[PDB]
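Peer 1: I'd like to ask some things about the structure below.
Cβ placement follows ideal geometry from the backbone for every residue including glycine, while neighbour counts extend to all protein chains displayed. Read-outs: derived from the displayed coordinates by stated rules, not from any lab.
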Amino acid sequence: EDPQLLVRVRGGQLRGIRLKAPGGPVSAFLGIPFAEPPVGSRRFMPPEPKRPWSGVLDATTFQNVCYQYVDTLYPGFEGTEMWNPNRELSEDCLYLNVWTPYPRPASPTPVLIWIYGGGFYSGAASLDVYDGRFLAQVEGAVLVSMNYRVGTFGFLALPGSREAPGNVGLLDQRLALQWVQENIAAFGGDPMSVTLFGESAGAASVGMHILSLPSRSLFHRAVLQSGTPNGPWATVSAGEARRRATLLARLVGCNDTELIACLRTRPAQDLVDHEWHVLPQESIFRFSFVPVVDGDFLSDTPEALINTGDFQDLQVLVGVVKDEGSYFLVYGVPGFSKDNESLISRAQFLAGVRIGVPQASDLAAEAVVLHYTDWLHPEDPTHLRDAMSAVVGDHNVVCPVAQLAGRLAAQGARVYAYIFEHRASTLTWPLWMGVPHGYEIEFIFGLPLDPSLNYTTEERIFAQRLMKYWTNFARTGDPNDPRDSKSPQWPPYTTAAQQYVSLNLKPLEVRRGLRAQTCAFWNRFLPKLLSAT
Amino acid sequence: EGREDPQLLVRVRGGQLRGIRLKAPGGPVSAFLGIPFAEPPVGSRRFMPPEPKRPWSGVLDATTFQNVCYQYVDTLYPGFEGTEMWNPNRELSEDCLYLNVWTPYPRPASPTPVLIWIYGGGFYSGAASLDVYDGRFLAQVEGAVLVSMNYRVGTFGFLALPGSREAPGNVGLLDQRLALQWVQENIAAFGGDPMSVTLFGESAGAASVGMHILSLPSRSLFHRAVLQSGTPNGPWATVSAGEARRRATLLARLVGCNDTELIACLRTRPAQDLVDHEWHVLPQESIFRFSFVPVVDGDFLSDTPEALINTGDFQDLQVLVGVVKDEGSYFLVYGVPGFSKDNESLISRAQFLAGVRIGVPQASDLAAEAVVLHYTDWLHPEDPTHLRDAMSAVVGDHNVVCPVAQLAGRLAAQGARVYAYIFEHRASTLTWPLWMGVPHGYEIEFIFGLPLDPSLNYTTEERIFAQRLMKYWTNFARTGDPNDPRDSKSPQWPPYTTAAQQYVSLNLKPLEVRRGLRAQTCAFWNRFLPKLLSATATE
Ligand SMILES: *[C@@H]1O[C@H](CO)[C@@H](O)[C@H](O)[C@H]1NC(C)=O
């Protein structure tokens, strides 16, 4: 019995497992419970802390993935499959994973906490792309990741009700955050240096912990990759949540208490079966059950709160990939497929715009078309395709990121911004997709260092640079190597100069303006256009 | 006659003319200046369509320029050559309607293709007798026959109570048409070829050329057309019948006045009282808007220019159109607070927003914001230098470049052969400041070949340049193609097409071909902005 794999937290004793990372061993403790299983009558409710346990809990295996939709679009395609749950689905899924250096760090080590994305309708902390051994081994990080309820289970809300208050998904997260506070010191972790990082819906989640006071005592720095609390997709009004919760309850056979009661009787697959039939329009990049502006967790819209927050003792690193939009086009936009080259007609392009910006008025959609049309090549199908991609990425990720960076820096936060520009040599999608949403993650988490993964060698070198920025960021709130001249340096994003770096195989290059003209359209003009229908 | 010079006496349908032997740098030209082509539109004829000139007796002396049409004189920079060059240079008068002719000396053997110049001046000023419109050079160096006419500007030429008998509107255009007819009847006596007539004009003249293209009765009077920095479509060249009626009425009031009885009173007003007041009838504080312009009468203009270019057939037509680099800088200096010819005009964001409301006076609050949004550089939204130049572009794009782009597009698509250019050379002898770039109106002097006059102090490259321009222009008059048929070594000037949207740059360097006339930005003005209207409260 290896005493390096024996740990004692407030709940009892855990045995982890020793794992091989290319250049060493790591202690790993997987499937640690941090909540009483949110099942039966617990469904839709705030999580309660796990009761203590006898003996030695076996923590050497990933626990069950929270009950969620599973993608069938491209059945057995590596590209969509890598996101799909890789353990058994179950409502009983409130477990978290810790990775540490083996042997347990001697001095308290910065803690990175990873929040998976997945549209607020999917995701699990057990996917290979979230494998923490590399950062633990190479950078001596203590790295934590948790599961949190998704879909109806995590985000169905009857605002005001006692039994479905909304936001329980984020409460699951918050609870895991408390747990890290209360227990991480025992794995060598420094509860006084906790950096959250997450991607997409996970970046939004991190964003919400920033914007919710009770969360703020639980971490010190945040990294939002390719997602924001602000923007078109990450929240809903309490009215629109009440509307969808009712619609779904009608859809499956069901005053508040009585209604939530009946939903509690339905098998999980029945809710997931109808989850997606409640979107107001035919959308892409728009999700049925998401964090709701409840005036509790969120006291006001994210935009309200980022416009008026005080963020002085905050450091944030934020970023996007070169081709945020491409991924989403094959999931709802006619003319787009991973198998051809998705060259489209002017017609399909106007069609694609009413879907990407599903909430647009006729005139607003015309404006989008006019802005993205290349009037030298107004009918060229390569441009039309590439443009469609940008409309979707810009609207949902890039511009919301630009706005978040700008509002944070202006209100005292220290901000670093990036754009990730390297396309994996191992990528299973077509070239026209560029560098799609989600494919920086494998690099940040250090996957290329696993030789059997068939990544090139410059990619392994690149992976180490990233692990370095991210972990430096976690140590110090500055991604720059603290000793090591000549880089050049990664400057803080500011409203004045608007600088951010490209992350690719070449050295850091500083650029100014994150699609500034185009984002002015989305962040400034577009909203006036509609606030006058 | 008897002792006279035999090569200077010509007969026209009106009677006998004695012209004058002018000196050009390379030799003599024949000039016939101040030939009357209409009855004096005076007294009871004020506001009325020109009546053809009754024949006279004896030999009419045609050796000097005649009167300039009664007009407002600009006094922003009193004494400054940059503004005085445009000011009237012969006496002001309602007896006004005269044209000029320059021909080689002696006159051409075979019939020579004719150029007709139509001056601009906002439809409230201009004269064919200005030095920059001197046809002595094109006549001498290219062998061209050049004609230019005075036409009524301001109230006298454009005040209208649409529908009425006594002030139908557009009579300034009719002065112009009457002179084209005159060229048809008479240009043969000078060696002109009535079957080869090319109109060209600038700014408001350009728009007039445009309106002859769009008006059936004018079409039989010319064959090709050049529009320099102006179009018939666009926000300033025309007004609705209602707007024209409203401006006419207001102006009547301001000077103390059933249409008949109202016009009668207008006809008793001294010309100067009308000039002193015309500028007050504008609806908003604005730049690049003029009180009295062609009205859409359902007559000279059957429909709006926008409508007519969007439909008409233009198979028979060849057209050359273009713009200067900095169309709008000239205009800021007149009426946008922050701007001057005497400092660098660095402005603030506030002054920019203010300037947009003035430069785009018809704009609802939203449309104006759309403009500021498009033109702001969001990396440096506060930068005085960037703002200064953006304000210039806003005015230049809204008034010349995008209407011109619009027009090239529609004409090309409707079977016209179109050639387009942007003129990018700043005259070495310009009295405006560098910030203004190459301003509105300052290519004219190169097209007319003034730099060939050694006394004018242009550079040698500038002399060679001007001749190049004169070749393109005359070649175009001649053949409907600016390109030199002989010298095909030097780069060629492609037609502008819907597809490739090719135009050339005119500067000291040889032709360079470019694609897209401010294409992204003109999509905003020509497509989005209209739709963005979809509001009720302005006017
Ligand atoms: C041009 O140059 C001469 C000699 O330097 C000068 O006297 C004259 O006034 C100048 N004329 C013009 C038109 O600039």
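Peer 1: Quick check on my filter: what residues within the range B:188-224 are aliphatic (A, V, I, L, M), surrounded by 24 or more Cβ atoms within 10 Å (Cβ to Cβ) and either part of a strand (DSSP E or B) or in contact with an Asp or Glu (Cβ under 8 Å, 6 or more places away or on another chain) (or both)?
Peer 2: Within the range B:188-224, just B:199 meets the criteria.
Peer 1: Out of curiosity, is residue B:389 in a helix (DSSP H, G or I), within 27 Å of residue B:352 (Cβ to Cβ) and within 22 Å of the chain's Cα centre (by Cα)?
Peer 2: Spelling it out, it is not the case that residue B:389 is in a helix (DSSP H, G or I), within 27 Å of residue B:352 (Cβ to Cβ) and within 22 Å of the chain's Cα centre (by Cα).
Peer 1: In addition: Would you mention how many residues in the range B:414-445 are within 16 Å of the ligand (Cβ to nearest atom) and assigned to a helix (DSSP H, G or I)?
Peer 2: 1
Peer 1: Working only within the range B:448-457, note down all residues that are outside any helix (DSSP H, G or I) and away from the ligand (no atom under 12 Å from the Cβ).
Peer 2: Within the range B:448-457, B:448, B:449 qualify.
Peer 1: Ok, one more. Find the residue count for the range B:493-539, including only residues that are more than 27 Å from the chain's Cα centre (by Cα), within 24 Å of residue A:375 (Cα to Cα) and more than 12 Å from chain A (Cβ to nearest Cβ).
Peer 2: So the count comes out to 0.
Peer 1: Can you tell me which residue among B:460, B:474 is more than 14 Å from chain A (Cβ to nearest Cβ) and within 16 Å of the ligand (Cβ to nearest atom)?
Peer 2: Result: B:460 is the single residue among B:460, B:474 that is more than 14 Å from chain A (Cβ to nearest Cβ) and within 16 Å of the ligand (Cβ to nearest atom).
Peer 1: With the structure loaded, tell me whether residue B:29 is over 30 Å from residue B:427 (Cα atoms) and of a type outside the set (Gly, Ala, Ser) or whether it fails that test.
Peer 2: Judged against the criteria, residue B:29 is not a match.
Peer 1: To continue, here is another question. Please indicate, with yes or no, whether at least one residue in the range A:70-78 is within 24 Å of the chain's Cα centre (by Cα), among the hydroxyl-bearing types (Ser, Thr, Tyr) and more than 20 Å from residue A:16 (Cα to Cα).
Peer 2: yes
Peer 1: Can you tell me which of (1) surrounded by 15 or more Cβ atoms within 10 Å (Cβ to Cβ); (2) at negative phi is the one residue B:518 doesn't meet?
Peer 2: It fails just one condition, (2).
Peer 1: Need pairs with beta-carbon distance below 9 Å; first residue of a type in the set (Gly, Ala, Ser) and within the range A:80-107, second part of a strand (DSSP E or B); sequence gap 6+ or separate chains.
Peer 2: A:90/A:65; A:90/A:66; A:107/A:190
Peer 1: Another question, if that's okay. Kindly indicate whether residue A:257 is in contact with an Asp or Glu (Cβ under 8 Å, 6 or more places away or on another chain) and not in a loop (DSSP other than H, G, I, E, B).
Peer 2: In short, yes.
Peer 1: Just one of B:167, B:127 is part of a loop (DSSP other than H, G, I, E, B), within 18 Å of residue B:290 (Cβ to Cβ) and touching a strand residue (DSSP E or B) at 6+ places or on another chain (Cβ under 6 Å); which is it?
Peer 2: None of the others qualify; the one that does is B:127.
Peer 1: Then there's this: Could you tell me whether any residue of the range A:438-449 is farther than 25 Å from residue A:127 by Cβ, buried (at least 18 other Cβ atoms within 10 Å of the Cβ) and either more than 14 Å from every other protein chain (Cβ to nearest Cβ) or of a type in the set (A, V, I, L, M) (or both)?
Peer 2: No, the range A:438-449 contains no residue that is farther than 25 Å from residue A:127 by Cβ, buried (at least 18 other Cβ atoms within 10 Å of the Cβ) and either more than 14 Å from every other protein chain (Cβ to nearest Cβ) or of a type in the set (A, V, I, L, M) (or both).
Peer 1: When the range B:372-385 is examined, which residues are found to be closer than 14 Å to residue B:528 by Cβ and either within 9 Å of another protein chain (Cβ to nearest Cβ) or touching a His at 6+ places or on another chain (Cβ under 8 Å) (or both)?
Peer 2: Matches in the range B:372-385: B:373, B:374.
Peer 1: Working only within the range B:350-359, note down all residues that are exposed (fewer than 15 other Cβ atoms within 10 Å of the Cβ) and either touching a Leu at 6+ places or on another chain (Cβ under 9 Å) or over 13 Å from residue B:384 (Cα atoms) (or both).
Peer 2: none
Peer 1: Right, something else. Quick one: is residue A:342 of a type in the set (S, T, N, Q) and more than 14 Å from every other protein chain (Cβ to nearest Cβ)?
Peer 2: The answer is yes for residue A:342.
Peer 1: Do you know which residues across the range B:126-156 are polar (S, T, N, Q), in contact with a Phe, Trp or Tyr (Cβ under 7 Å, 6 or more places away or on another chain) and surrounded by 23 or more Cβ atoms within 10 Å (Cβ to Cβ)?
Peer 2: The answer is B:148, B:150, B:155.
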